[PDB]
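Okay, so we've got a single protein chain in two different forms coming up as structure tokens, structure 1 first and structure 2 after it.
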Structure 1
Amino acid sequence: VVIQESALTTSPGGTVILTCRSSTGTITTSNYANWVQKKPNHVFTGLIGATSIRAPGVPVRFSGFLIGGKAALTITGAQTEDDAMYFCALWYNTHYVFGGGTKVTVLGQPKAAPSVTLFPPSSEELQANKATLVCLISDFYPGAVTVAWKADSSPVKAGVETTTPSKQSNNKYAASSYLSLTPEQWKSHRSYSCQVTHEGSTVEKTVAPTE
């Protein structure tokens, strides 16, 4: 088992040190520690291999070495472009084993209120005797968000499917939430609402079969 810390944060220009731990007890140079970076919307990329060897295009602010039986990845003067997930992999003579991954977050990106747009069921879907409500949330930072649905003024849990917030190409997050209903259920309420909670503030959007 390869153990990594869950999350680390730093400001731009700050320093961060990633720890990779082996449940067997110790990591040596014969475990060929490999550090893999994953940004959202970018492919995985191997930054460090065999404990300390850097990939040709990685900057030298990244370094890997072994400290006290643990493999370590240090970022000296971290950058906003370093906001990503970092995985550690160890070699045990015949195979690699990956760790759970450590999320590194670089502070400085300002807060962003979520933009919420709720779509009612189409006329084309209602004709096929199906009904789906689509709640689209975009352009919010940070990525923590809470989605609650309301039929009339009462909450709804059955039929709700929500995606995990993922980063767009402009570094802000986005999410979607679906409420599949029957056509009889859709016209039997005066309205339906998607309320989105972000940083203690709640944005509410409402649709109705009226329109």
Structure 2
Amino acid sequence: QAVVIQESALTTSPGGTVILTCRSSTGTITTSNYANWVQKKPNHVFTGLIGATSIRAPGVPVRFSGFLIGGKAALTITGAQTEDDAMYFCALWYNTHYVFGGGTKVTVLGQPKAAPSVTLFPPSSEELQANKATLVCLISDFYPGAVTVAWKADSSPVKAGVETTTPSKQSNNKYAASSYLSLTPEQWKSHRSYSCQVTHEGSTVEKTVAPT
């Protein structure tokens, strides 16, 4: 079965010219493959930017262009804007079906580095009555979107019962994540305190909660 091959990732500056390529594993691409470029942003539905190789969708900025070159389908962005930082998927029609590529992550440089803000919540009184206890560590407003989390029972590490989310992009183009530590009610009260440490770009941010 034919597969659609895209670049994994590209980086540009604001005002730069990007060219994304889309090739078939079986050979040459023509207008009979009706190449479709679909843009995906976090918290925004997919939207088709280019159809039938080169037809711009209504409202799509004219800096996006699609065409064929060297037997491959291509999408350029002439004068890229920060709002173009997104995932771009290619789809090719093979006579009887569409096949989507893996998508290209386009990064527009310029976003300044931001340290993570950490908020830690102890188990509520309601949950402790249900013989449960969970620590909620909330990490927000960090860029680039990558953090590591380590928990501490008093001053010693603890790995059992830790579940952390992948980083997700916020509306302000920064990233967020959360980490949950599950504990018995007895373990929560037998220790002096628990800590959630978030490491980002060599710096670590810490938050501490204590039984009340």
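Only the largest set of C-alpha atoms that superpose within 1.5 Å between the two forms is called the rigid core. The first residue in the sequence of structure 1 is number 1, and each one after it adds one.
Q: For the set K150, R61, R54, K38, which residue undergoes a C-alpha shift of 2 Å or more between structures 1 and 2, given alignment on the rigid core?
A: It is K150; the other listed residues stay below 2 Å.
Q: Once you overlay the rigid core, does the Cα of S191 travel 2 Å or further between structures 1 and 2?
A: Moves: yes, 2 Å or greater.
Q: What is the magnitude, in angstrom, of the C-alpha shift at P165 between structures 1 and 2 when the rigid core serves as the superposition reference?
A: Comparing between structures 1 and 2 after core fitting, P165 shifts 1.1 Å at its C-alpha.
Q: Relative to the superposed core, report the C-alpha shift of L181 between structures 1 and 2 in angstrom.
A: Displacement of the C-alpha, rigid core superposed: 2.2 Å.
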